[PDB]
Amino acid sequence: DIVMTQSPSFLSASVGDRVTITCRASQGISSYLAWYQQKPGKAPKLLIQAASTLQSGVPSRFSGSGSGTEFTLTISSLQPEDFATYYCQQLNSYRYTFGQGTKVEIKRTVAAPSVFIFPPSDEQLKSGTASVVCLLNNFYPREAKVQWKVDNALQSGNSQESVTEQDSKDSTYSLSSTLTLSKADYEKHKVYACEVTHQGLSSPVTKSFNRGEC
Amino acid sequence: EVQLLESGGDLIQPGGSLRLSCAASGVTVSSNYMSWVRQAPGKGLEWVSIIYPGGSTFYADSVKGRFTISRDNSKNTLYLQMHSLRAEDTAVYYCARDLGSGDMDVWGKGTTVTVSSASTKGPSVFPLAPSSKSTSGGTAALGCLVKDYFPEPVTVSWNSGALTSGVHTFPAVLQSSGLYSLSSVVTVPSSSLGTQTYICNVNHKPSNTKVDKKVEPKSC
Amino acid sequence: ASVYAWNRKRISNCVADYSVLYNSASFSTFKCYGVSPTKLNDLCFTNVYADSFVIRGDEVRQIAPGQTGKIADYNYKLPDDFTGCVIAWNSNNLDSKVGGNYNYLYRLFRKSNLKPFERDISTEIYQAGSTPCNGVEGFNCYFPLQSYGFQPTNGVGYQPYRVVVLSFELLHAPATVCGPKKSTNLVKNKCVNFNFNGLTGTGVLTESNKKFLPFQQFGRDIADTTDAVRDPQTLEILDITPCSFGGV
Amino acid sequence: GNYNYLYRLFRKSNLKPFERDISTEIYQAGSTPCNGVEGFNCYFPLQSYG
Ligand SMILES: *[C@@H]1O[C@H](CO)[C@@H](O)[C@H](O)[C@H]1NC(C)=O
């Protein structure tokens, strides 16, 4: 079947910029493509149908074009209300296939994260579980890598993370990463650390603690 | 004007059944291509089902044999009957008018379906204590870990609303237990750690749970 | 033709050589319903209908009994008890233009499904809402036909396919469309079991001495017994002498 | 849909009384020999009930 690959997943732009979103079909779909805009908590809004027909009422900024296997949505002059997620959709198909979506976000300058690590509280340990939390505060851009280490062994599979939306004031993100172990496993190791790599850091920053030491 | 008003979403156990309704105005459901489209939390759009003006119906493979789309002409209303619900059916469900080729121009506001085996439970609130090593003239981070609750949502405030600057309350994550977990943090001047009390206030209405957790520096 | 305005050719009073069709390696779809393709040269029908149009490769599957979809519902509909053959082949070489071919249309909007073999060529503006359209396009008021976008760069399912649907009709009327029913060579002075135009028998065929009229076919003796026949291909009269026999 | 029940769709001749045929030989529906290879005009004689 026909696979819609939408790129990029995230793109940062400034108010007044010219934005180009790309949707690639795994084979020729003529002009059978639609574009949608969706803002957080709202229903999607139809922008362009048939690859180059701007829906009535949509501002002249949004421009759709492309034919065959490569399609583009062009926002000629981005306005404040255009920061949103955009979706392509294959038209005239049995599958009604959607693209993965592109989130257009507010561009700003690079800002390194402040990194903090938190041991599990004694109250939680009494319950048999240990949550170790790593916090990355007020950074930009969103791309950031958190590597948990336990006695210098790289941990994968036992952590979850969550990112805020762009701060309404300084347009930065913050990230929280939680490493979850049983109390038994937590007490078999000493050094707990999260290593943060980000564009704003000349080298990866590691915050750590030793279990039992204040 | 033209609007689609859907309803019927609810919390339901796996294997349960649920009917969603979509009352239309400004558009005649029986004369249109009408579709249901859903959106799982934090994911993209997924087309679910469609009924042609002539009455033919079609379904995505992920719901075939379990969902049924129908309509009532006299009520100008679209329906989605769901059976044998699964956890992955959890989503906001929109009804939309299809202009013919799949391009949908009229959408409803959506109704929320949650399918889960999890029991309703209020969170434990654990402190994220400010580190003993903090910059003398800099900033310290502290917060609250709001763990193992269901269903969404919880609200978190700090010092009963008196502390708002620098607060970050993160999106909850769904743990493999089926229970949600979330953290709320704030950055404060390190100098204030000894003299200013910081308390996170956690509210979870579904369990009638209200918790105030004092967050203090840990002593040796 | 465009599928919404599909073309119908009524075939009557002719010999149908179906060997031309099932022995062709140029068809991608050749599905017959209520009839065997190879066994078609032995059947007479009262009328044969040849319906032809262009659709997407994705949609050839809808030209069959019991299907639904935009083509089956609103353009070309076959009955459940269909007796015929559905033949299709890729025509991307002919029906796609570089900038996109738009001469091929299909009906997108119709209040109800077509009946079998119904042909709707209306261009009335379709009323999708409450307010009447009065023949003017706009919101909730759509032109009912849509264009295919046949470009050579399309995937196979989106390329144009030419379709021919043969319907075989057997009414209580004279059957005018049959199959070849070839013949063989004839041998004389040997006991043969023979079947001439409408008669069958056993005997020895010999060169005759009679002068049949130009319109006479079968001889007859005094006691209502076949005596001579006119060979359908060679204009020669053959006497039928029954093969030798007798008591032992 | 239960497809465990099958029926023979093609055969070079009609069965004689009480004759039983369970062979899975590929039926050659055209002029091209199949040589045990299914394909165009080369069909598996059995078909499943729906
Ligand atoms: C029939 O065709 C044969 C050759 O196929 C020819 O020799 C013969 O003259 C034809 N007969 C008539 C009556 O046309």
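Numbers here mean position along the shown chain, with the first residue as 1.
The way this entry was determined, per its header, is electron microscopy, 7.3 Å.
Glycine too: its Cβ is placed from the backbone N, Cα and C atoms.
According to Swiss-Prot, C:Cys85 forms a disulfide bond with C:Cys32, chosen from C:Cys32, C:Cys44, C:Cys133. Recorded residues C:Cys141 (disulfide bond) and C:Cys44 (disulfide bond) have their alpha carbons 49 Å apart, per Cα-Cα distance. When the Cα atoms are compared, C:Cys133 (disulfide bond) and C:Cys243 (disulfide bond) turn out to be 84 Å apart. Ranking the disulfide-bonded residues C:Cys178, C:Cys243 by the number of CB atoms within 10 A of their own CB puts C:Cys178 at the top. Ranking the disulfide-bonded residues C:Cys85, C:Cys141 by the number of CB atoms within 10 A of their own CB puts C:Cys85 at the top. When the disulfide-bonded residues C:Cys32, C:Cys191 are compared by the number of other CB atoms within 10 angstroms of each CB, C:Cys191 has the fewest.
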